[PDB]
2 protein chains.
Amino acid sequence: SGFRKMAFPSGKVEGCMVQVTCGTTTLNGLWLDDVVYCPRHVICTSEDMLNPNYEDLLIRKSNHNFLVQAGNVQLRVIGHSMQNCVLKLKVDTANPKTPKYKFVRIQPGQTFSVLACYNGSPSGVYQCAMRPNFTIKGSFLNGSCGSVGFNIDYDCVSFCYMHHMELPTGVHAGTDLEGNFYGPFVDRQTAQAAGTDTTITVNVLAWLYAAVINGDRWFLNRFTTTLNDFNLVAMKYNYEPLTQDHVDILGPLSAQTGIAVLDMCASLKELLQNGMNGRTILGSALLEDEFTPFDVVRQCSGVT
Amino acid sequence: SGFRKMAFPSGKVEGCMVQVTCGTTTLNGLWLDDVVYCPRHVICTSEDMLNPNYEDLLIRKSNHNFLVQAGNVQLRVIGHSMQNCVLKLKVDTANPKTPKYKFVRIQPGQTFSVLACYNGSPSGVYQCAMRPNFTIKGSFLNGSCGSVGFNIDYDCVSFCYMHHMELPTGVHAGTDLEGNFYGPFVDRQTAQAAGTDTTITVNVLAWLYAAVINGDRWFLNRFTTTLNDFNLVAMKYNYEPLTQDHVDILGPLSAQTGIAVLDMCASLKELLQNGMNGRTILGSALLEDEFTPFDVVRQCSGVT
Ligand SMILES: *CC(=O)Nc1nc2c(S(=O)(=O)NCCc3ccccc3)cccc2s1
Ligand SMILES: *CC(=O)Nc1nc2c(S(=O)(=O)NCCc3ccccc3)cccc2s1
């Protein structure tokens with residue numbers, strides 16, 4: 001037993017990390033097959049970021065201006081193209097370490113692991129969630145751009161995120177692997193405020209089930225509620241509305257523990273109204289929302 | 001910016017994980033060079049665990065009884081020996097994926113990453129600390145035994161932990177890679193209670209520095225304290241005593257932020273006496289103690 005914020009093993013992604021330099025800007029690239037994916041702002045100087053015209057900036061760049069280095073060996077760039085906010089650098093060598101992969105665009109509330117990289121080198125791995133306001137709360141310093149988010153199903157890596165920027169409030173914005181930003185964010189050094197960061201209700205309930213499975217049960221009460229009654233409370237506390245789809249997804253957890261979803265909603269309702277009263281749940285003093293129902297099942301069953 | 005509970009990239013360790021079976025027991029092994037390291041309780045049946053005589057149990061085992069599988073290929077066992085609570089299975093093939101490595105015995109308060117594995121397959125990676133009572137709070141289900149803890153310095157993996165057991169209270173005990181248990185724990189299904197789980201004071205202060213560096217400053221106050229005055233408060237709240245060595249280790253963090261160590265101790269003192277008052281620090285509602293001063297410097301500087 002025991003329940004931890006766990007990231008996927010990062011090895012399959014570590015073998016894809018490369019360094020991309022264009023002029024004086026160095027960031028990370030993702031090498032899959034004979035293509036290197038990286039944020040298009042690799043072609044910008046810090047001055048360009050205020051109001052870049054990426055199409056015009058890219059005209060002044062040729063294949064030889066993109067320096068791609070994998071470890072200490074140089075990749076030969078034979079083509080380049082811009083797809084939305086990412087550059088695709090065609091190289092003459094297929095990455096021999098390319099794992100089975102897919103590009104997926106995740107929904108808010110879904111979790112993924114991030115392999116933070118600097119100069120093409122991995123520094124660490126952590127788990128986060130795509131917030132309902134389409135930001136992520138990561139750990140990204142200068143040079144981390146191009147670091148990627150992913151999930152793994154047995155041998156298939158599903159890439160879902162590429163890091164592009166830090167908003168003035170310290171939260172992070174980025175794209176899927178087709179270069180489309182999550183949310184309304186743009187790759188420009190401009191006023192971009194995030195919307196309300198609401199709590200992922202279905203994730204909190206999943207984590208409450210994980211807590212019961214691992215022995216933390218003090219929060220279980222003698223009450224029940226309805227979806228509409230629960231949602232009145234959820235609205236008041238800036239929690240996402242719970243739908244029947246969310247209830248359905250919690251079904252396997254409800255079955256394992258014998259606690260009906262609406263009874264767990266009544267425990268969550270009381271926790272929202274009364275607080276933790278100085279107590280903890282799974283080593284946390286707040287309600288954790290970055291474990292999906294699938295993460296809880298996966299961790300609680302031992303899927304490798 | 002941003003500050004996350006980050007694990008080391010696990011790729012170098014993933015290439016060392018193997019499955020070891022002896023009779024009807026299957027757990028994880030660590031393949032480095034031509035040796036496979038695994039918990040000696042692989043030779044036990046669940047009945048044996050009540051009172052095992054490992055030397056007597058090992059007499060009934062030959063090289064051919066240890067089945068070592070790396071992926072889907074079988075390793076040939078040409079020798080076996082017991083070192084403390086670990087078995088060393090000499091195989092005829094050096095692991096071609098062996099990284100640069102060391103075996104280190106860590107001190108309480110030190111952190112490390114764990115690559116949770118089942119049947120020789122990695123399932124996830126997370127960061128934890130060796131508690132002052134020599135337990136770890138991990139996430140280990142049946143089959144996770146033999147999963148390892150490690151730190152990475154550029155290309156060198158320092159293995160520090162091998163998982164062996166779960167105490168009746170849900171906390172975890174294990175050995176270094178020489179097979180010596182951390183703490184007084186034994187590889188026997190017996191009454192083994194853990195001592196006081198005190199808070200790692202030097203780690204909490206390091207994390208308070210990380211919070212200031214990343215913008216969370218509400219807890220900074222107009223006060224200072226002394227080591228003896230602080231330690232009176234630390235004793236009352238089951239925090240480890242802070243020594244001048246701990247102050248010295250926080251020096252680079254004190255210098256970066258301009259906040260003297262004893263002033264940060266006075267902030268911690270007030271936080272202990274008054275609580276968070278419904279507020280959070282780096283997304284936590286409790287004082288986090290599983291980031292060492294070295295982890296804070298490493299994450300805040302971008303070491304790969
Ligand atoms: C994702 C990534 O690599 N971002 C980068 N940002 C910069 C910048 S910046 O946008 O001006 N932000 C600098 C923030 C900072 C860091 C350390 C001390 C003070 C301020 C400038 C240069 C390079 C990169 S890479
Ligand atoms: C570290 C590791 O692999 N531990 C294992 N423990 C067992 C046991 S046990 O010690 O009896 N614990 C079983 C706990 C449990 C799990 C699921 C449902 C109920 C109880 C038995 C068999 C195998 C392993 S591997």
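Residues numbered from 1 in each chain as written, not as in the entry; some residues may be left out. Chains lettered and ligands numbered in written order. Heavy atoms only, no water.

Looking at the method and resolution fields of the entry, one finds X-ray crystallography and 1.621 Å.

Chain A is annotated in the PDB entry as 3C-like proteinase from Severe acute respiratory syndrome coronavirus 2. This structure appears in the PDB under the title "Group deposition SARS-CoV-2 main protease in complex with inhibitors from the COVID Moonshot -- Crystal Structure of SARS-CoV-2 main protease in complex with DUN-NEW-f8ce3686-23 (Mpro-x10899)".

## Observations concerning the environment of A:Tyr209
All names here are of chain A. On the secondary structure map, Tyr-209 appears in helix α3 (residues 201–213). Given a relative accessible area of 0%, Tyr-209 falls into the buried group. For the pair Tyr-209 and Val-68, spaced 141 residues apart in sequence, the C-alpha separation works out to 46 Å. Discounting chain neighbours no more than four positions away, the residues touching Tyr-209 are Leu-250, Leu-253, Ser-254, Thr-257, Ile-259, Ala-260, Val-261 and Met-264. (Helix = DSSP H or I, 4+ residues; strand = E, 2+ residues; numbered from the N terminus. Buried < 20%, exposed > 50% of the residue type's maximum accessible area, 1.4 Å probe, protein only. Contact = heavy atoms within 4.5 Å.)

## Quick word on the site of ligand 1
Residues and elements named next belong to chain A. Around ligand 1, the neighbouring residues are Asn-142, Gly-143, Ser-144, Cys-145 and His-163. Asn-142 is positioned such that a nitrogen or oxygen atom in its side chain is 3.2 Å from a nitrogen atom of ligand 1. The contact in question runs from an oxygen atom of ligand 1 to an N or O atom on the backbone of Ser-144, over 3.4 Å. Here ligand 1 has 570 Å² of accessible area as a free molecule, and 36% of this is covered by the chains. Counted by class, the shell around ligand 1 contains one nonpolar, four polar and no charged residues. (Near = heavy atom within 4 Å. Polar contact = N/O pair within 3.5 Å; in protein donor to acceptor, adjacent residues only side chain to side chain. Areas by Shrake-Rupley, 256 points an atom, 1.4 Å probe, with all protein chains shown as cover. Nonpolar A, V, L, I, M, F, W, Y, C, P; charged D, E, K, R; others polar.)

## Points about the site of ligand 2
Residue and element names in this part refer to chain B. Residues in contact with ligand 2, as listed here, are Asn-142, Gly-143, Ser-144, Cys-145 and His-163. One of the side-chain N or O atoms of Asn-142 is found 3.2 Å from a nitrogen atom in ligand 2. For the shell around ligand 2, the per-class residue count stands at one nonpolar, four polar and no charged.

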